[PDB]
Amino acid sequence: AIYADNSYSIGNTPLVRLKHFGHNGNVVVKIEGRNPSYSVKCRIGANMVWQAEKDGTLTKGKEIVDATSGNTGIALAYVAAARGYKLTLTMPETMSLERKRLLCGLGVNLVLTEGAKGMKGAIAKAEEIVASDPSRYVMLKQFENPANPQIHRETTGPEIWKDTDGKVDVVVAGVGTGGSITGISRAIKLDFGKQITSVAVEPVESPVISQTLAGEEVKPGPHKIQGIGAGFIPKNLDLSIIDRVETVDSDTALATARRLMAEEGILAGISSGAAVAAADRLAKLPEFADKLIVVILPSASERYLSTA
Amino acid sequence: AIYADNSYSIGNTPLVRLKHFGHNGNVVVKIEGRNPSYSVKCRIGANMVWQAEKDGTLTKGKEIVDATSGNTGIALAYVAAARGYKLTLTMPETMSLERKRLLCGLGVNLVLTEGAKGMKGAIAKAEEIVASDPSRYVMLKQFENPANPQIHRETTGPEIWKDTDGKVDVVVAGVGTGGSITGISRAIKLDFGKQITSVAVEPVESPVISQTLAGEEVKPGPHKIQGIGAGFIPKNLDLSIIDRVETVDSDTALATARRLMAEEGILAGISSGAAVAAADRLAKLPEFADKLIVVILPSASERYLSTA
Amino acid sequence: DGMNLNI
Amino acid sequence: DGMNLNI
Ligand SMILES: [Cl-]
Ligand SMILES: [Cl-]
């Protein structure tokens with residue numbers, strides 16, 4: 001019951017019942033902060049590295065690339081260090097010193113990009129080192145990599161089934177890559193065969209999924225719900241297993257995160273506040289009265305600035 | 001398998017084997033960051049509140065006091081919020097805005113003290129509100145409260161026994177209150193009956209335990225190993241179950257924490273670097289060659305400033 | 001230069 | 001005013 005390295009130590013994260021949200025305790029949270037690296041992305045972080053090894057696109061001598069300096073950047077950084085790979089992360093020069101020092105604390109070869117450029121000054125940059133030796137660099141692409149939802153289908157989803165004794169009725173999750181809701185949803189509906197309700201959450205400000213589903217014009221915008229609302233349909237979001245889409249604004253998300261800390265004693269990130277707020281909305285519909293709703297809390301406070 | 005509140009969700013924290021420390025993998029770490037509140041103090045935090053309830057020194061209408069704005073301050077804050085108690089924390093005005101905002105994010109009624117005063121400007125202050133209504137305020141005192149080591153004896157210690165299939169030979173832990181090594185040690189030696197080696201760790205700079213044990217003059221000093229080295233013998237450190245005392249300086253601690261991140265992929269706090277460094281020292285003695293050594297990593301990076 | 005793409 | 005007492 002000892003792990004060979006920190007990557008193997010992912011998951012078995014806890015389910016806590018909320019007291020000041022939902023109705024007669026129908027809203028239960030999954031705490032994704034309780035992982036190495038301290039985000040939901042630890043899971044994919046391990047398994048995208050495991051997978052590239054297993055199929056042999058990763059080997060002693062290949063060094064990893066991406067431009068995510070978000071939770072997946074930290075995930076990959078921890079796993080790379082645990083497992084002997086050197087990591088390069090692209091990232092505009094516009095970023096925070098503390099993530100620049102979290103990652104340089106993790107042994108990332110950070111590659112400062114352009115504050116005239118953003119995530120193009122990054123995305124396209126990473127590629128160029130992938131280009132300058134495509135037998136050297138290898139880039140994992142969390143937005144389209146199947147090893148992303150696969151891990152969720154084989155860990156996140158089952159842990160929920162088991163913890164709940166197959167009682168779970170609804171699952172609520174914010175969408176970045178889509179891998180959580182996709183893997184979770186496939187586990188419960190396909191491997192177990194229970195016809196639950198899958199709710200994706202997206203910002204009202206950048207509501208590209210609803211817009212797509214309604215055959216409207218896709219119109220992304222800025223928000224503050226860090227970790228979700230990419231502004232496009234990720235290839236890792238299986239639109240097929242998605243029953244419902246709830247939108248949430250930045251203020252409410254932000255306020256719901258403060259409430260979680262101060263009322264529930266739960267150290268929630270901003271995305272976590274988004275997902276709860278939408279679960280609560282469903283939770284207070286007579287239609288989901290007698291229904292056990294599980295919410296993903298992807299990250300922990302302290303990584304944050306919901307503290308104004 | 002759902003928790004009624006965040007307090008019930010303590011423990012079952014993982015054991016990871018270290019790769020660049022010890023000898024043939026004999027040095028295994030326990031990751032105490034994987035708790036609500038994200039520190040080892042979550043455990044005591046829950047149980048000191050549970051205990052005061054159980055024996056009825058805590059009740060709806062009593063509000064909690066202490067001056068710890070460290071890991072035990074966060075522990076108590078989360079538990080208080082989960083369980084409907086309002087908390088007041090004493091703390092000199094000298095403190096950091098981000099702990100002042102972590103705690104005010106957690107719903108703490110923070111009571112700024114004195115930068116002419118420090119932890120006397122605190123300790124004595126808390127007491128005064130305890131004084132101004134001793135049926136109102138109740139102060140938990142982590143340094144002498146038995147519910148502190150009791151929790152360790154009933155959770156932390158057993159989890160190690162079980163994970164290791166009773167193989168554990170040595171346990172290494174830094175000392176603040178002493179509750180970890182005391183509870184852990186009593187579980188394994190007394191409840192299980194295996195005669196392991198208990199190593200307390202203290203700063204070379206403030207080495208009050210060794211000084212006591214050697215019948216020398218007790219001479220505390222400043223260091224940077226936040227969370228350990230109180231400068232006295234805590235009533236919660238059972239000097240009796242302690243087989244060995246290792247000292248560690250601030251630089252080494254600090255360097256060992258950086259190494260943990262960058263080499264092991266393990267997000268270690270500063271105290272965690274101290275405890276590892278001392279475990280490694282033992283680990284490379286032929287006398288502990290064939291011995292499984294378990295180390296407590298009390299806290300996670302990110303709460304920190306080991307990032308210079 | 002998509003900010004909310006850095007997940 | 002013990003600094004390392006704030007555990
Ligand atoms: Cl499928
Ligand atoms: Cl005893």
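Residues numbered from 1 in each chain as written, not as in the entry; some residues may be left out. Chains lettered and ligands numbered in written order. Heavy atoms only, no water. Residues with missing side-chain atoms left out of burial classes, pairs and counts.

1. Some thoughts on the interface of chain B and chain A
In step 1: Taken together, the 45 residues of chain B in the interface contact 45 residues of chain A.
In step 2: Taken over both partners, the interface formed by chain B and chain A buries close to 3800 Å², and the fraction arising from carbon and sulfur atoms is 55%.
In step 3: Of all residues in chain B, B:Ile2, B:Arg34 and B:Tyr38 bury the most surface against chain A, accounting for 20% of the area lost on that side.
In step 4: Our enumeration of links across chain B and chain A arrives at two salt bridges.
In step 5: The closest approach of N and O atoms between A:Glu302 and B:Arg303, which form a salt bridge, is 3.2 Å.
In step 6: The tally of links between chain B and chain A comes to 13 residue pairs in polar contact.
In step 7: Of all the secondary-structure elements, those providing two or more residues to the side of chain B that touches chain A are β1 (15–17), β2 (27–31), α2 (71–83), α3 (97–105) and α9 (250–264) of chain B. (Contact = heavy atoms within 4.5 Å. Buried area = accessible area lost by both parts, 1.4 Å probe. Salt bridge = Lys/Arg side-chain N within 4 Å of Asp/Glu carboxyl O. Polar contact = N/O pair within 3.5 Å; in protein donor to acceptor, adjacent residues only side chain to side chain. Helix = DSSP H or I, 4+ residues; strand = E, 2+ residues; numbered from the N terminus.)

2. Thoughts on the sheet that holds strand β6 (residues 137–139) of chain A
All names here are of chain A.
In step 1: Spatially, four strands are ordered β5-β4-β3-β6 in an open sheet, and the strand pairing comes out parallel. The open sheet has two edge strands with one neighbour each: β5 (109–112) and β6. Taken pair by pair, the neighbouring strands of this sheet meet at an average axis angle of 30°, ignoring direction.
In step 2: Of the pairings in the sheet, the one linking strand β3 (residues 63–66) to strand β4 (residues 87–91) comprises three bridges and is parallel in character. When the sheet's bridge partners are listed, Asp66 is paired in β4 with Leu89.
In step 3: Strands β3 and β4 of the sheet are contacted by helix α2 (residues 71–83), whose axis makes an angle of about 165° with β4. (Pairing = 2+ DSSP bridges. Axes fitted to C-alpha atoms, helices over the stretch in contact; angles between N-to-C directions.)

3. Points about the domain arrangement of chain A
All names here are of chain A.
In step 1: Examined at the domain level, chain A breaks down into domain 1 (6–39 + 146–297) and domain 2 (63–134).
In step 2: Summarising the inter-unit geometry, the C-alpha centres of domain 1 and domain 2 are found 27 Å apart.
In step 3: In total, domain 1 and domain 2 occlude about 540 Å² of area from one another, counting both sides; carbon and sulfur atoms represent 58% of this.
In step 4: Counting the surface domain 1 buries against domain 2, the share from its top three residues, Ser7, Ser37 and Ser39, is 68%.
In step 5: Counting across the domain 1 and domain 2 interface gives zero salt bridges.
In step 6: At the boundary of domain 1 with domain 2, the tally comes to two residue pairs in polar contact.
In step 7: For the side of domain 1 that touches domain 2, a count of residues per class yields three nonpolar, four polar and no charged. (Domains from an automatic or database assignment. Nonpolar A, V, L, I, M, F, W, Y, C, P; charged D, E, K, R; others polar.)

4. Topic: α9(B)
In step 1: Helix length check: α9(B) (15 residues) gives 20 Å between terminal C-alpha atoms against 21 Å at 1.5 Å per residue, within 8%.
In step 2: Contacts made by the buried residues of α9(B) are with α2 and α3 (97–105) of chain A together with β1, β9 (244–248) and α10 (270–283) of chain B.
In step 3: Structurally, the start of α9(B) carries an N-cap: the backbone nitrogen of B:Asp251 is 3.2 Å from a side-chain oxygen of B:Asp249. (Expected span 1.5 Å × (residues − 1).)

5. Remarks on the interface of chain D and chain B
In step 1: In this complex, chain D contributes seven residues to the contact, which on the side of chain B involves 22 residues.
In step 2: Tallied by class, residues from the side of chain D that touches chain B come to three nonpolar, three polar and one charged.

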